[PDB]
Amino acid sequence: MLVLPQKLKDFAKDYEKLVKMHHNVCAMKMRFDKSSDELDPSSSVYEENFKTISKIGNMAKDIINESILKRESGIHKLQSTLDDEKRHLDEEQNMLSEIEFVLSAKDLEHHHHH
């Protein structure tokens, strides 16, 4: 029971996916980093490892891009919520100006009376 904008309730969904993904993202990244360090043209399992590091690379690019998508999507929800808050703020600041300006009009009117 957390009270939030709906756009922020929606953000909680792809953010959860984003958080749960993080393990696999960093894991696949290191699986590529290690494979990159071991790859040696002088070796006898080189051609096999060369094909493998391509599989690992593509698979790492896929999971990362999958994370980027959810990340970019979640960012737009944050930007949307931020715009809404800036609008409410802008309107509240408008109400403040009107009150002061109206009070100026009342004071002027109260002066010409005397």
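Numbering starts at 1 and runs along the sequence shown.
- Among the modelled residues of its chain, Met59 has a C-alpha B-factor that falls in the highest third according to the deposited record.
- Per-chain ranking of the deposited C-alpha B factor places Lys51 in the highest third.
- Looking at the C-alpha B-factors along this chain, the one for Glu66 belongs to the middle third.
- When the modelled residues of the chain are ordered by C-alpha B-factor, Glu38 sits in the middle third.
- Among the modelled residues of the chain, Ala27 sits in the middle third by CA temperature factor in this PDB entry.
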